[PDB]
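1. no sequence on this one, just coordinates:
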Ligand SMILES: [Zn+2]
Ligand SMILES: [Zn+2]
């Protein structure tokens, strides 16, 4: 993960699959997950929010191109 991981999922709820941050990544079905498996909650250091890491890595191919992912919440 590239964002300060959280021993436990917050109550912000994912923003990609729009699912509870407790459950898991909704795109886990079809996603180019590298090492985010499908159960890692991390708040992007950029803004510092929270979202299914894996999920982000999905749409991350659009923005925040460097070596991590972008924040789906505030498009950070
Ligand atoms: Zn998600
Ligand atoms: Zn954000």
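-> Thanks, I have the structure now. Numbers count the residues shown, from 1 in each chain. Ligands and ions are numbered 1, 2, ... in the order given.
2. if I look at the spatially most central residue of the chain, how far off is residue 69?
-> Nearest to the geometric centre of the chain sits residue 53, at 2.5 Å (Cα atoms, centre = their mean). Using Cβ to Cβ, to the nearest Å, residue 53 is found at 7 Å from residue 69. For the C-beta atoms, the positions are set from N, CA and C on the backbone; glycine is no exception.
3. what touches both of those two?
-> Residues within reach of residue 53 and of residue 69 at once, by Cβ atoms under 8 Å, 6 or more residues apart in numbering, are residue 3.
4. quick revisit: next, the contact list for the residue nearest to the centre of the chain, please.
-> Taking Cβ under 8 Å, 6+ apart, we find residue 53 in contact with 1, 3, 25, 36, 40, 41, 42, 69.
5. what do you get for residue 39?
-> For residue 39, the contact set (Cβ under 8 Å, 6+ apart) comprises 24, 25, 54.
6. which of those residues are close to ligand 1?
-> Taking Cβ under 5 Å from the ion as the test, ligand 1 is in contact with residue 25 out of the contacts of residue 39.
7. Helices - which of the contacts of residue 39 land there?
-> Of the positions in the contacts of residue 39, residue 54 sit in helices, assigned by DSSP state H.
8. Most neighbours among the contacts of residue 39, please name it.
-> In terms of neighbours by other Cβ atoms under 10 Å, the contacts of residue 39 top out with residue 54 at 29 neighbours.
9. doesn't residue 27 make contact with that residue?
-> Yes - applying Cβ atoms under 8 Å, one finds residue 54 in contact with residue 27, separated by 6.8 Å.
10. how far out from the middle of the chain is stretch 27-41?
-> Distance, stretch centre to chain centre, for stretch 27-41: 9 Å (Cα atoms, centre = their mean, to the nearest Å).
11. Is it in proximity to ligand 1?
-> No - using Cβ under 5 Å from the ion, stretch 27-41 stays clear of ligand 1, coming no nearer than 6.6 Å.
12. now the helices: where do they sit in the protein?
-> Secondary structure of the chain (DSSP H): helices located at 53-59.
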